[PDB]
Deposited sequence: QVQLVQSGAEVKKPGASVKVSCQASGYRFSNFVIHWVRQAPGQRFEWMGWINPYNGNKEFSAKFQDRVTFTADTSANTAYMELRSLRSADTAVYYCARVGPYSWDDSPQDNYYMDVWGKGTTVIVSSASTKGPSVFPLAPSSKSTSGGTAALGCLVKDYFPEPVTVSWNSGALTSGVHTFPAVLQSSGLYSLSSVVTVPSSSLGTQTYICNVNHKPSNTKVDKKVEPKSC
């Protein structure tokens, strides 16, 4: 049961540093090198470097040669990665991964692929301050459509349900988009029978834990 468990999501302002942890289990921690790799939205995975828990040996990608620090605590079977002087482009998911099993007959680093990956730790770098969303109705006009526009919040995520979870079929909650303002926005919609509009109540339940903002918005046909 080789497993790697990472620390939780982080939100940092530009210029600050972040430290992510990777706790191993299911094997002898000191016997395997650990790789750190990240993936920013829309980009390819990017290797950052590796560390050998046993002797403390490390190799860094030229791009992170001076602002990343790799450390390991053989006592806790945990490896760490500290990234300093954060900038917006450092916004990404950071993964740790253990190399594969070794055999004396194998050539050096033949096993340096990413054998087992951690789930990743999200790190958001932005000057934006925590802010709850405004919730606006997307009023319904066969089959009708209605929804809620959840706008201007930070950071992700917000959760959206309909009728406290009683309504699930036909619901589509879209991925959020980052606006030029540095705040996020997303919509959640649901298609329903037009004949239900005067007898079925539709309420979108929005929750943005980072700001402790919860909103229940009833969406109804605009009495045009």
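Missing from the model relative to the deposited sequence is only the stretch 142-147 (no C-alpha coordinates, numbering from 1).
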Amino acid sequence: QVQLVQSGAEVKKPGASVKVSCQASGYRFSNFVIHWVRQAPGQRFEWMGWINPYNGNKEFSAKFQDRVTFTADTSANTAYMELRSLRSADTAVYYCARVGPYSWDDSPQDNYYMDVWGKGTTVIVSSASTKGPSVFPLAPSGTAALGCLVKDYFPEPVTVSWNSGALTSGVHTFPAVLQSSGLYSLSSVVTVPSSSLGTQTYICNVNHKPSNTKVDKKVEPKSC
From here on, numbers count along this sequence of modelled residues.
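Comparing 94-102 with 143-151, the stretch with the higher mean C-alpha B-factor in the PDB entry is 94-102. Note on 49-57 vs 171-179: mean CA B-factor is higher in 49-57. Of the candidates 118, 133, 137, 108, the deposited coordinates give 108 the top C-alpha B factor. When the modelled residues of the chain are ordered by C-alpha B-factor, residue 213 sits in the middle third.
For residue 86, the recorded CA temperature factor ranks within the lowest third of the chain's modelled residues. Residue 163 sits in the middle third of its chain by CA B factor, as recorded in the PDB entry.
Residue 9: CA B factor in the highest third of modelled residues in this chain (values from the PDB entry). When the modelled residues of the chain are ordered by C-alpha B-factor, residue 193 sits in the middle third.
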